[PDB]
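**Q** As a preliminary step, the opening chains of the complex are given here in situ:
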Amino acid sequence: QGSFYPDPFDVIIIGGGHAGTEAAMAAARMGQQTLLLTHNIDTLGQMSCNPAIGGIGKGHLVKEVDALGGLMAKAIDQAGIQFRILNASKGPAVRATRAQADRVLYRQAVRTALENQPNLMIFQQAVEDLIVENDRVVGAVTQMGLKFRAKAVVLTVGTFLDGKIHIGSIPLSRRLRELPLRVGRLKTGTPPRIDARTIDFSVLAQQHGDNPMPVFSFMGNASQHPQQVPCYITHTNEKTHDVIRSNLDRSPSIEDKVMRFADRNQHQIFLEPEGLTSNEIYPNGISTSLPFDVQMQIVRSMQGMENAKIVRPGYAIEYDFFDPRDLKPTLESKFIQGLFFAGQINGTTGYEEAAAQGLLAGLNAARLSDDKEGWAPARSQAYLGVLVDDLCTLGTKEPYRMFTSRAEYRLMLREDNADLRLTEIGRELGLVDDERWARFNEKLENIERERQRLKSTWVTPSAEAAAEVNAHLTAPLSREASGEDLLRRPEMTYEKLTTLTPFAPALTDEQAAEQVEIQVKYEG
């Protein structure tokens, strides 16, 4: 004990981040001795912004993170309340699941799992600085003094201020800024968080989860889900704006989103419930550095909340962060062998990218430790890929704006097939459990077997129940057609096509249906 925890570690994860969690979680499951040092087991799982996981891109990420072994899917499987599916009527590729989260519930699940994970050991401590020998890392020194020996270390930097709070010193810093690493500003903000009791919920418009409910992870089902709920929708107006502009001489915002526009348009606002057990309401998109009175003026002027009382004021922070252009696309910093950077440090914000980077950066470092080799997944393997790339190259995630268009080109990069795409690279890599592995096969055998059995089976306009088929189609059977051939046909859906007597039975595997269908209506 050179003052030196007696035990040595394969991977150190510095920070109880989304990234951190996913990192820690993986390196563990891969088989490594991994230790996670968060300065607050209690904020473990905290959600910095709105209480929501997924949507366009994000969801893709999560679906991916999931197949790869990860957590954040389950997590939000257990703690969402409302499970829309964006772009539902727009054909795979740009279809995206998007859940709301009972913070407490989520938080609980990140932890219970983090805490319950063979090979991961948790330890409450600030990290003082790293210990770097030959421009390799070999552990760090926690601020209490203690020092831990490891072979790779994933800097993270999660849930931990500083950054400056705007509503109107650690050797580990100094060290990095001493190397080449180039350092950016990053301007994340926040709504005044609002009081359910003071909000009039009648004169406002509901929005409800999909039926049946969407599960998020491949492995889960909607039983796992908790109680579900509305989110009420209020809107904006001239008044709102006068205020803003009237107060603009006082510094993603609304003090942004409203200088570049013009009230002829009413910005639509979302009251998202921070959870099954709290009168706190997140007014989605009215984040602000605008001073308190303004915030109120604003919260106050819209419909439903003429008498709203604010519970916690809005405010914006300024982060610094280390431009990731100096990362390898395994994440491993280019300067300090074995030290990777996932998370908000690289300058992204969203929980899902974070989670995803973390999955890698762990996985990678977790390998380095077993003297093996970085995966680096291909910009066409998965969005985890399109991200990391975009990040190391232009160092900045691809605007979501783009996602939609851009997605035509990508097109196999789809929520519905992450498991396919990634889950054996998973298994092979080390990240997938005997019992996910053995289902993902079932979801294969069940697809191959019953997709060849959908061309293997035709209907002549001549055999018995030819006339029963001819009811559903466009211009009844003129050729010995196979079910596949007619599934492709715009009116018909796999569910009905199993109904008709030559193409029964249906398929039990609710998913391998789903996939078979998605595949067939989009393969040519």
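**A** Looks like it came in fine. Numbers count the residues shown, from 1 in each chain, chains lettered A, B, ... in the order given.
**Q** Provide the secondary structure category for residue A:9.
**A** Using DSSP: H, G, I helix; E, B strand; the rest coil, the structure places residue A:9 in strand.
**Q** and it, how many neighbours does it have?
**A** Under the neighbour criterion other Cβ atoms under 10 Å, residue A:9 is assigned a count of 23. To be clear about C-beta, it is placed using only N, CA and C from the backbone, and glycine gets the same treatment.
**Q** Not counting residues beside it along the chain, what's closest to it?
**A** residue A:150 (3.7 Å; Cβ to Cβ, 6 or more residues apart in numbering).
**Q** Am I right that that neighbour sits in a strand?
**A** Yes. According to three-state DSSP, residue A:150 belongs to a strand.
**Q** Would you confirm that it contacts residue A:11?
**A** Yes. Under the criterion of Cβ atoms under 8 Å, residue A:150 makes contact with residue A:11 at 6.2 Å.
**Q** Stretch A:293-309 spans what distance, first to last residue?
**A** For stretch A:293-309, the first-to-last residue distance is 12 Å (Cα to Cα, to the nearest Å).
**Q** typo on my end, it should be stretch A:122-140
**A** This stretch, stretch A:122-140, spans 15 Å end to end (Cα to Cα).
**Q** Tell me if I am right that residue A:134 is in a strand.
**A** No. Residue A:134 sits outside any strand when classified using three-state DSSP, being coil.
**Q** picking up where we left off before, identify the contacts common to residue A:150 and residue A:11.
**A** Counting by Cβ atoms under 8 Å, 6 or more residues apart in numbering, the common neighbours of residue A:150 and residue A:11 are A:35, A:369.
**Q** neighbour count winner among the two?
**A** Neighbours were counted for residue A:150 and for residue A:11 using other Cβ under 10 Å; residue A:11 has more, 33 against 26.
**Q** mind checking how far that one is from residue A:404?
**A** Between residue A:11 and residue A:404 the distance, using Cβ to Cβ, to the nearest Å, works out to 37 Å.
**Q** ok, now residue A:195?
**A** From residue A:195 to residue A:404 the distance is 36 Å (Cβ to Cβ).
**Q** out of these two, which sits in the more crowded spot?
**A** Neighbour count, other Cβ under 10 Å: between residue A:195 and residue A:404, residue A:195 has more, with 19 against 14.
**Q** doesn't residue A:309 make contact with that one?
**A** Yes. Between residue A:195 and residue A:309 there is a contact at 4.9 Å, judged by Cβ under 8 Å.
**Q** For residue A:311, give me its contacts.
**A** Contacts of residue A:311 by Cβ under 8 Å, 6+ apart are A:192-195, A:279-280.
**Q** so who does the most centrally placed residue in chain A touch?
**A** Closest residue to the average C-alpha location of chain A: residue A:352 at 2.6 Å, with Cα atoms, centre = their mean. Shown in contact with residue A:352 (Cβ under 8 Å, 6+ apart): A:18, A:53-54, A:57-59, A:61-62, A:65, A:72.
**Q** Sequence for chain B below, add it please:
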Amino acid sequence: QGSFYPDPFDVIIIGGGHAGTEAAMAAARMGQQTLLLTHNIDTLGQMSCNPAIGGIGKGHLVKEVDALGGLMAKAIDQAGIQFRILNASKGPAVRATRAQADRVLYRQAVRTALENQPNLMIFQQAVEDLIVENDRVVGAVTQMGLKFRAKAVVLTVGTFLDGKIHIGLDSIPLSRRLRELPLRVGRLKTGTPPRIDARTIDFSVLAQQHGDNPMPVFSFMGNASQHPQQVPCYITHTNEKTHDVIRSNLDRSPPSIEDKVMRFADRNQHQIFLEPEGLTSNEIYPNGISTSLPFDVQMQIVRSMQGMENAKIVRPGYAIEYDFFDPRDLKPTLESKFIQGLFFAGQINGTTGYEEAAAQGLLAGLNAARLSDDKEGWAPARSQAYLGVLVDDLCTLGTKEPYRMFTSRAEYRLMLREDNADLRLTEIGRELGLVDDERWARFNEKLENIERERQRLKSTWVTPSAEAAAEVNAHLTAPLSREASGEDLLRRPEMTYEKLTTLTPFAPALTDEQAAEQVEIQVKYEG
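**A** Adding chain B to the chains above:
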């Protein structure tokens, strides 16, 4: 809007303490327009010592806080993973209830409860400073910049810090202004053990201590069911090597176990209690080995102990020093004697039990509110309630009475029991504004319920023959010479109300389960 949130309040509670809570909860439920400022909503319910509520005297203090209508009692019920009645055979003066909290649960419960309560606006900032006009408070100013006017403020502190934490040897004008008045300051210095991962522990060899069946309930309105699942607690001890380690290591930094030793022998083993940190947590609170001794020391201390040979430490033990003003500059109402309408409750006064702050807050909130609507602080009779005692002492003496003492004094005080705080207090509650219909209601039902039942325990005797002078005289020791009434036969230390009403002269058992048990006590300890 000046610089000044629009609406004024009657009463502002500064700092979402225990004391902090309990005050806000009072003033509000007296219909006062009550502002609860706090730097972090997600901490309401924080138990910073071990995850337990009450026990001897602490118990007492809770059940009073209950009768008076505050939260703690209800909370711990809502979140209790273990219930025991200490001194169960020792007679009512000194029976106490204590319970193990699921840290989260509790925290939930206390939040949800302040969140959902008529007249209380919670609003999350830290406080810069008081606003003072002519030695009267009149408002707080938040960090932010926001100012609130109130008519009375309760200063509280808790939930927060600072501290200089020591683990082995290792600015807000409100602090300044305070000190510029003649306030006698003290340091006071709580610590904490090192919190231990439940997996690294061999529970198979330790013995374990369960709750009471049937299951105690803390508040007077609680029902048994209401309680979470119930786990056991685990018991390992310390021993020679352990100590040998503490001693040899003492030359590092300055309740604690390195103190429980510097003060004894040491075969001389000390029962150490492995307390579940939650129902959904893997951390164990090793209750009794707190420290400021350095990490390895701590590790060695843990690992020396049976069961923990392999244990690994999730959170490291340590100790904090708190500044804290001497409560002798408070009127017996906790109104401060230097700035009026300023009230000091809980730890800012130097107490550091929870219960003890829970009680202080209640009354601070009370007399704060009262002042809001110009009344006169209640200042509770030392003979009325331990609440009474406690507060007296922080003004007489500047300090809480010791628990060491509690069992002797015990029987000078004596009407002051747990089993009867409602009886003692709820009533004074009603008139003070502290009690709720839901309760008032029950209380009086119990109240007549017992009356009615005492009467009829004289309105009923056995003449040594006739009817079932048979059935009866077998249960006793020495059969009745002549007349003896129900109540006479019960004072007899061999006969339990429950068995007394399984007799055809004296049945049928009163159904008001509470009243029933109080009837018993009242009778067996009347004098």
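**Q** same question on the contacts of residue A:311, but with chain B included?
**A** By Cβ atoms under 8 Å, 6 or more residues apart in numbering or on different chains, the residues touching residue A:311 are A:192-195, A:279-280, B:41, B:122-124.
**Q** Kindly recompute the last result at 7 Å.
**A** A:193-195, A:280, B:122-124 (Cβ atoms under 7 Å, 6 or more residues apart in numbering or on different chains).
**Q** That one belongs to a strand, doesn't it?
**A** Yes. Assessed by three-state DSSP, residue A:311 belongs to a strand.
**Q** what's in contact with whichever helix or strand residue A:519 is part of?
**A** Using DSSP states H and E, residue A:519 sits within helix A:510-521. Helix A:510-521 has contacts (Cβ under 7 Å, 6+ apart) with A:92, A:416, A:443, A:446-447, A:450-451, A:484, A:487-488, A:494, A:507.
**Q** hey, where'd the strands end up in the stretch 151-300 of chain A?
**A** A:164-166, A:183-186, A:193-195, A:232-235, A:268-273, A:280-284 (DSSP state E, counting those that start in this stretch).
**Q** Quick check: buried residues in the longest one?
**A** Same thing as strand A:268-273. For strand A:268-273, the neighbour count (16 or more other Cβ atoms under 10 Å in any protein chain shown) marks A:269-273 as buried.
**Q** out of those, which one sits closest to chain B?
**A** Comparing the buried residues of strand A:268-273 against chain B with Cβ to the nearest Cβ picks out residue A:273 as the nearest, at 13.0 Å.
**Q** dump the residue contacts of that closest one.
**A** Residue A:273 touches A:229, A:231, A:281, counting by Cβ under 7 Å, 6+ apart.
**Q** Nearest residue to the last one in space, please, no chain neighbours.
**A** Closest residue to residue A:281 apart from its sequence neighbours, by Cβ to Cβ, 6 or more residues apart in numbering or on different chains: residue A:194 at 4.1 Å.
**Q** next one: the first one
**A** Taking Cβ to Cβ, 6+ apart, and ignoring the residues beside it in sequence, residue A:229 has residue A:81 as its nearest neighbour in space, at 5.0 Å.
**Q** I'd say that neighbour and residue A:230 touch.
**A** No. Counting by Cβ atoms under 7 Å, residue A:81 stays clear of residue A:230, with 9.2 Å between them.
**Q** The two: which has the busier surroundings?
**A** Ranked by neighbour count (other Cβ atoms under 10 Å in any protein chain shown), residue A:81 and residue A:230 place residue A:81 first, with 22 against 18.
**Q** Sort out which of the contacts of residue A:273 are buried, if you could.
**A** Among the contacts of residue A:273, the ones that count as buried by 16+ other Cβ under 10 Å are A:229, A:231, A:281.
**Q** I figured the first one hits residue A:99, correct?
**A** No. At 11.7 Å, residue A:229 does not count as touching residue A:99 under the criterion of Cβ under 7 Å.
**Q** what is in contact with those two at once?
**A** residue A:82.
**Q** per the record, what domains does chain A have?
**A** By the assignment in curated CATH domains, chain A contains the domains A:1-184+A:320-524, A:185-319.
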